[PDB]
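Data first, discussion second: the structure below is written as structure tokens.
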Amino acid sequence: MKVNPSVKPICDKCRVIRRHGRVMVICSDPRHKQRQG
Amino acid sequence: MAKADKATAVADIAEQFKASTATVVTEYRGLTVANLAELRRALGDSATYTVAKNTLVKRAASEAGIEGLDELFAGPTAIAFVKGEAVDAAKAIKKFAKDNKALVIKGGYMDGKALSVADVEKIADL
Amino acid sequence: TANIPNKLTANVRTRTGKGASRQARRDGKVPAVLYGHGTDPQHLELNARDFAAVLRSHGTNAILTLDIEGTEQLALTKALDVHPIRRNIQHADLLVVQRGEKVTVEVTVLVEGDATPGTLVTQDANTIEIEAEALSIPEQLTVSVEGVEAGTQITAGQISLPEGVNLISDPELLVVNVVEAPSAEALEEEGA
Amino acid sequence: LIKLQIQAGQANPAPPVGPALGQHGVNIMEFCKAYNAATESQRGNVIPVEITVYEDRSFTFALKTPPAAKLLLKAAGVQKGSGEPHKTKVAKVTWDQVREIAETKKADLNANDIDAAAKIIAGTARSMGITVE
Amino acid sequence: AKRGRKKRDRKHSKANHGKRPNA
Amino acid sequence: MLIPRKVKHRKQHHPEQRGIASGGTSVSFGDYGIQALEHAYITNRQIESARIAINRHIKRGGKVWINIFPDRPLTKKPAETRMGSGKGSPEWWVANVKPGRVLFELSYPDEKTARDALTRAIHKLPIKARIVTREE
Amino acid sequence: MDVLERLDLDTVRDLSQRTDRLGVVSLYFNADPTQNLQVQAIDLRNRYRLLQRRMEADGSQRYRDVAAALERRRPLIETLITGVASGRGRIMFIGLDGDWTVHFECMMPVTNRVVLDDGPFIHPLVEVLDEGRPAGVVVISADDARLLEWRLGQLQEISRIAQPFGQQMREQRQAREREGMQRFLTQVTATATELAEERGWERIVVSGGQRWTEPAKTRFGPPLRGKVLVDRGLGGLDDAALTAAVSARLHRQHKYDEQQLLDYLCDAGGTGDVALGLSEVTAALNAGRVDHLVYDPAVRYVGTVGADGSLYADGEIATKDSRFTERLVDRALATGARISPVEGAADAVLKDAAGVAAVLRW
Amino acid sequence: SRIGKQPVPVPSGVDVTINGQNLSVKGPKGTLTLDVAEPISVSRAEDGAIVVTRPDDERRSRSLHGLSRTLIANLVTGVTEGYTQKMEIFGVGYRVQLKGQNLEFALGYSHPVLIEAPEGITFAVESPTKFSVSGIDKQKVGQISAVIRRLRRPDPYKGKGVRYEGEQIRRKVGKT
RNA sequence: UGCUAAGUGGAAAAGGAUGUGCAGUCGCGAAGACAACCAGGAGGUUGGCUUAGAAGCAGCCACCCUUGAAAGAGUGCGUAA
RNA sequence: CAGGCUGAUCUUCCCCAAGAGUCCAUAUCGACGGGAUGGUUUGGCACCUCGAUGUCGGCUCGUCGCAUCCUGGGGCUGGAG
């Protein structure tokens, strides 16, 4: 998990969603998983 | 495939329909381009083997008095127009049909009437 | 070229100034002026959304037909006042014209076609001047760069003009310049 | 199916054929002996081989016509094509030469006519900077 | 700089009308 | 880095930062441009850093124009000294930019790379800006 | 009739590709004044004499022409004995039929060698380059800061910066001086990092004193902090002692790195990631899989070369030569590998592998 | 929208009871109850099918419309067909035996780990390295399967642990 | 009469983002558009150069032709290739 | 000297991503440029105290913050153990 103020879809299979007030990027590649903070 | 492109394609099928002595319709799903090449080369002497959108073919089917074929345009569809002869074309399909088993005959149009799948088979035999 | 004039409704302003123009724009209107050989300017107001529609499709030098409280008038767009930031139309100068009259107009030139792959096309002059009939102004002018090789100057004298259109600007304007595409080493020495 | 290019005049080299089909459990010496026997009719043109193996590792190899890129290099006398086509052109080829390559590729192309097959070979000449006349 | 920021920002009240002494 | 050859007066007052731009608000040379939206002093180091970002992205082809020049100098007095005793010596050269001013320009055959290259340069400038074209 | 400077792997590759109609003779001269110089001179002359006599004891047209060429190019050797600059090791490549010669001198020691070959003999030059990699030297005091470079056993200055932040209770004065010193270290390390990125430095020797040596080491970034050597007595030394100290420090670090590499090779040998032994190394070099070649320069490898240029070890089935290490090095250079001649590899750690090993690319 | 505009067909042997907003369904293998969100009205068409509709096209009415239809559809599937899950185990020395109504796992620990069966579900074992979890409620079955799955931390090198029947895990290599 | 779900109201930047409301341009669509499922996605050829290797997919240049319903001198992942 | 305002300098983060990393910007480092927090360093001002607010280091006694050294719980890994 990467915690940065800016989250972006690194690859073509990343999706941006919104859980519990955060903005999150979820991918099948565990490296690309990241959240905003 | 804009409004004119769809209008262009329906004219060609109608144009390619009247110029053919007879026609047979088949479904082709599962055939590799290598398999499609062999069938086309075998049929390349007289017949032309093409596919198109079912809705767009039905509009081309309204140009000719063939209104009995509207039920043959469901599922994948390949229409094989025969430029000459009738025995040669059907037989070339049968030797292919009994080899790949992925191509089956939906029906055929002749003498102003739709011809049943079995009755199409008798053209090659006779 | 025969253009059917665009019909627009115009209202004569009752109050002018900077307090009255700001209020007019707040109601989706644009102040306008109608001078020409009538030699007595008329202060008009035009619909903002209807005026922008005419300019969007028929170009900046659009011929108009104003309904000034029941009187038909043929008018031509002469100039526009556009805000740098908000990108509005703050004003519009309108020139009266009549059929069979020659006017001096700047039209845009477009560059179509793909040249030699090792070239970069640079357009120097955006527009050129012509002298055409009032209702026969071309909407745009085109040039072709197809197979043009290396360093050539396409000049304003070689633009293909329709009939009844005469070039006003001198025939030595460098309109399109085709040159060799810069390399990576030529990029790093430009602007250092 | 491993696509492999071995020149006709080379027998049992290490780089091309050594590690190619060795790792797959295929015979390393039995392929060449059948291959060299068939490829000794040409002896001067590199011809690719398509090693098609079966269940018992029996390979039904097929021989192919030399590539259309090679057949244009010696048809013009230059060893290697241009690295910057459309700017430098290595040589020239007459349109009558192009039909000759299309003749020896007749069993390996898509086209049915001879004019269509001529255009196919002319496409490969464009990519390597050979002017076709 | 919490003390300085709070004291300057409290001049945006409706009763001060956007100004206070010592800003 | 861009530096004037000479200036008559070496120590000057600060440029004023009021109003919008009168001239230079339209794209004249290239096909795409960067239009400012805020007042700032664009230093000659941010221009070099912003036109190398464009160069890297487009690689070989295309041309780049810089429409603003760092003419006006700003001074800086020696460190850790009390106030008074003269005015500091000039240290950096800035360009007074007002909203509406067009800073950079670019010509490139395709649009997606051109708009990406100009975005790489807006992130090096201390202001907000937008990408504008030659069309109306 | 030219003198090389700034030797590196590309220059060595471009020089090894030369050729002459008759041949090239390569001379390595050991002019170290610690040993007696006249002894080395006589040794070199004797080596030439044996080479010439082995040419003259065959009885062929080619051999008589080669012997005549050798006899004609005699005085170039006495020119080498009294070379251009004040170097410890001198190297000269002389073309026989042509009239071209290449001269080189360096402070790294060499050993006398006279070799007749088709092209220049490169092997010892690669060893010298391996043992003489460049490095930076930074010296800090409370007043100034010297930046120097060490290359091939010679030290040359780069910069001499002064304190820009140098200017009542003693405690406040000491605090101000501390802050000034910290800013000085930051600036000096920034300058050193820029120079290291420019000139391709590999290691940095940092000296600050008994107080300012560790902060300077920690100021460097993570890219460089792992390659910074700490010494405290570099201040006040003259150029000779400074060069001696830096050379000793870098030699120790190089030997430590070689030991670490040997330990890695010994550990990884068995998983298929690296290849040990002459046979497997030659087989890997034939296909160009070698990413890092390690060999003991002292061992004399014997090998065989085929028609296609492929290298074959002993017992592999064809011209057999005794200077096989030159062919190994040439192939490694051709395939873009990295050559690390570890002096003493074939002694203990890689005794079973004869000292030759390779790090495969796959 | 698309999900919630279609009815829920009811087979013959199902007794569906609607009491205002509380909906109950009786089936051959159990009974289940669902409470529907207020803006959405549940009613039965004359062809024996349950339909859900919403009055307004608001942001919240659309969200709860497609939601509510699926829970009702899942409610009648769980009483006629039921729910089951197939699971497997990989590795050497890894085994399962069904003790009473609970489960015994040997996963390379220093102690066996049990999984008490909550009411409503039953466990079944075919092979020592193969079992299944079956029940009446879709969410209850899924929740207990998740607990069983995470008994061992994921292994990308040898793939030791519990999986699903069609699980296709991601793997890497640690060579030395 | 509307807006906010953040206790925003009752502090803050570059920048990140399928939060929501209003207004306005443009494209595709009953000739079946977007999503989902089934089947094709080919041949010259491993395009030319460079490189230890470079086969659509370090890098540079070009980006053609054919059978065709379509199939890019190839949008990603991956292998030393 | 301490307190107060400021935050050039200092400190702790962050935005874009040229590159290094055998391939691969984001495992790990991240250049040129840009935006901020803290009041811990050197300073700027001279607002309280010159009819007195005793100054460094150590001892004794503490109390608070988390921007966490150990112990405690996790995501990614160029994490086989």
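From first to last, the protein sequence lines are chains 8, I, X, J, 9, O, z and G.
The first sequence lines up with residues 1 to 37 when you count with PDB author numbering.
The second sequence lines up with residues 1 to 126 when you count with PDB author numbering.
The third sequence lines up with residues 4 to 195 when you count with PDB author numbering.
The fourth sequence lines up with residues 10 to 142 when you count with PDB author numbering.
The fifth sequence lines up with residues 2 to 24 when you count with PDB author numbering.
The sixth sequence lines up with residues 1 to 136 when you count with PDB author numbering.
The seventh sequence lines up with residues 1 to 167, 175 to 324, 331 to 375 when you count with PDB author numbering.
The eighth sequence lines up with residues 2 to 177 when you count with PDB author numbering.
Yeah, the Cβ is synthetic: ideal placement off N, Cα and C, and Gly gets one too.
Cross-chain neighbours of residue i in chain J, by beta carbon under 7 Å
i	result
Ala294 (chain z)	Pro24
CB contact check: residue i to chain J, cutoff 8 Å
i	result
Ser317 (chain z)	yes
Neighbourhood of residue i by C-beta, 7 Å cutoff - its chain only, sequence neighbours within 5 removed
i	result
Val306 (chain z)	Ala359, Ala367, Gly368
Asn75 (chain G)	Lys139
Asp96 (chain X)	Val36, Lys81, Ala82
Three-state secondary structure assigned by DSSP to residue i
i	result
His57 (chain O)	helix
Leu47 (chain X)	strand
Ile41 (chain G)	coil
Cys14 (chain 8)	coil
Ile11 (chain J)	strand
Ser136 (chain J)	helix
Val114 (chain z)	strand
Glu105 (chain G)	strand
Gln156 (chain z)	strand
Neighbour flag for residue i against chain O, beta carbons, 8 Å
i	result
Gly150 (chain X)	no
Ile140 (chain X)	no
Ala187 (chain X)	yes
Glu193 (chain X)	yes
Any C-beta of chain X under 8 Å from that of residue i
i	result
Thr25 (chain O)	yes
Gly33 (chain O)	no
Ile68 (chain O)	no
Close-in-space but distant-in-sequence residues of the same chain around residue i (CB under 6 Å, 5 per side omitted)
i	result
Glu339 (chain z)	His123
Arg29 (chain I)	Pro76
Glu63 (chain I)	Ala14
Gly28 (chain G)	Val15, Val80, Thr81
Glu134 (chain X)	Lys105, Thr107, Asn169, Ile171
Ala89 (chain I)	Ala47, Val82
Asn21 (chain J)	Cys41
Under 8 Å by beta carbon: chain X residues contacting residue i
i	result
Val97 (chain O)	None at all; the shortest Cβ gap to chain X is about 13 Å.
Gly100 (chain O)	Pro87, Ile88
Identified DSSP bridge partners for residue i
i	result
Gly108 (chain I)	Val24 (chain I), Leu115 (chain I)
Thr61 (chain J)	In the DSSP output, where bridge partners are listed per residue, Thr61 (chain J) has none listed.
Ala126 (chain J)	In DSSP, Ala126 (chain J) forms no bridge with anything.
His103 (chain z)	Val3 (chain z), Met92 (chain z)
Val128 (chain z)	For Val128 (chain z), which the question treats as bridged, DSSP gives no partner whatsoever.
Interface partners of residue i on chain X, CB under 9 Å
i	result
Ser107 (chain O)	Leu123, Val124, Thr125, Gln126
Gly62 (chain O)	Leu123, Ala184, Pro185, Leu190
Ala129 (chain O)	By Cβ distance, chain X contributes nothing, its closest Cβ being about 12 Å from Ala129 (chain O), past 9 Å.
8 Å Cβ shell around residue i - same chain, five flanking residues per side excluded
i	result
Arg154 (chain G)	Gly162
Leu268 (chain z)	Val301, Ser353, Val355
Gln260 (chain z)	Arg210, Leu236
Neighbouring residues, chain O, relative to residue i (Cβ below 7 Å)
i	result
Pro174 (chain X)	Here the premise fails: no neighbours, minimum Cβ distance about 22 Å.
Proximal residues of chain X, C-beta to C-beta of residue i below 7 Å
i	result
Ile20 (chain O)	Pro87, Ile88
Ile3 (chain O)	Simply none; closest approach about 11 Å.
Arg120 (chain O)	Chain X residues near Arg120 (chain O): none, gap ~14 Å exceeds 7 Å.
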